[PDB]
Every structure is written in structure tokens, then in C-alpha cells.
Amino acid sequence: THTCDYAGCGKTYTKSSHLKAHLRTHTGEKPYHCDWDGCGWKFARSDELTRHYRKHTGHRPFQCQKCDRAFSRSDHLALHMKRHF
DNA sequence: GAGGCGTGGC
DNA sequence: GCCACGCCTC
Ligand SMILES: [Zn+2]
Ligand SMILES: [Zn+2]
Ligand SMILES: [Zn+2]
């Protein structure tokens, strides 16, 4: 339904916002800026900025309930959990 | 773990 | 558009 019309691409998406995010791969647009003092990094996706900030802060919101390990991402925790079983 | 990215409820 | 699931590849 939503087609990339940049050059020879033609990739397709189910939401306008997915296509808009995809277009940044062609334009080099990076609207999400880190505001950490002195940093300067910018990203094409908001969740990429979120991941980046967790590098700055070392915040690990996803705590394993079966051992002491914690993670910055739910998918990391999920894979780790499989190791307990 | 980290980077890239498709995706759908809101 | 945000957020955050979660898959693929390294
Ligand atoms: Zn494209
Ligand atoms: Zn930064
Ligand atoms: Zn554990």
C-alpha cells in the first residue's frame, strides 16, 4: 500500500509511518538527537535513540527474575530466560 | 550484546 | 508518530 518511490527501490510497507522511517535510509535524515552533554549522536529512529541513551546511563530495565542478570532490552532478557530451562 | 529493522496498538 | 515487541545477523 505504501511504496518507496526513491530511485530504484520499490520496497513496500503497511503503514505510512513505516515508509517514512524507511525513507531516511535514502535521505540520511536523523531527526532524533542525543542531548547528552558533549555527545552529538543522532538517529533515524526514536527507539535507536532510546538504546543509545541506555549506553550513556547503563540503565537495564529488564531484570531476570531467576538470577541477578539484567538487560537493556526485552528480547535480550527473553533469550537469556531460555537458558534457565 | 549490539546494530538493523519490520511491525501493530495506541 | 510513539513505543516497544521481537526477529535476523553479526
Ligand atoms: Zn526505499
Ligand atoms: Zn549520546
Ligand atoms: Zn537469569
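Convention: sequence-line order gives letters A, B, ...; per-chain numbering from 1.
- Separating the CZ atom of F71(A) from the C1' atom of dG1(B) is a distance of 9 Å, rounded to the nearest angstrom.
- Residues from residues 17-32 of chain A placing a heavy atom under 4.0 Å of any atom in DNA chain B, listed by number, are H18(A).
- In this structure, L77(A) places its CG atom 15 Å from P of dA2(B), rounding to the nearest Å.
- Residue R51(A) holds its CZ atom at 11.0 Å from OG of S46(A), rounded to the nearest 0.5 Å.
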Begin with the C-alpha distance, continue with both residues' side-chain angles, and end with the deciding distance and a verdict on side-chain contact (heavy atoms from CB on, under 4.5 Å) for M81(A) and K66(A).
-> CA-CA 8 Å; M81(A) 287 304 311; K66(A) 280 188 57 87; 4.2 Å; yes

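- Of the possible polar contacts, none joining the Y13(A) side chain to the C4(A) backbone as a donor-acceptor pair under 3.5 Å is found.
- One distance of note links OG1 of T50(A) with CZ of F43(A); it measures 10.0 Å at 0.5 Å rounding.
- Scanning residues 5-16 of chain A for heavy-atom distances under 4.0 Å to DNA chain C yields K15(A).
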Where along nucleotides 3-10 of chain C does protein come under 4.0 Å, by heavy atom, of base (B) or sugar-phosphate alone (S), with - for untouched nucleotides?
-> -BSBB---

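- Between the NZ atom in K20(A) and the NZ atom in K15(A) there is a gap of 12.0 Å [rounded to 0.5 Å].
- Spacing between atom CG of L49(A) and atom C1' of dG1(C) amounts to 14 Å, rounded to whole angstrom units.
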Are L23(A) and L19(A) close enough, and set up right, to give a side-chain contact (heavy atoms from CB on, under 4.5 Å), and what steps lead you there?
-> CA-CA 6 Å; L23(A) 278 161; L19(A) 171 58; 4.2 Å; yes

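- Rounded to an integer number of Å, the gap from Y53(A) OH to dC2(C) P is 14 Å.
- Going from atom CZ of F62(A) over to atom CG of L77(A) covers 8.0 Å, rounded to the nearest 0.5 Å.
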Yes or no on side-chain hydrogen bond (donor to acceptor under 3.5 Å, both in side chains) for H56(A) and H52(A), after CA distance, side-chain angles and deciding distance?
-> CA-CA 7 Å; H56(A) 281 301; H52(A) 171 76; 3.1 Å; yes

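- Checking side-chain atoms of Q63(A) against main-chain N and O of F71(A) turns up no donor-acceptor pair under 3.5 Å.
- Taken from CD in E48(A) to NZ in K42(A), the straight-line distance is 14.5 Å, to the nearest 0.5 Å.
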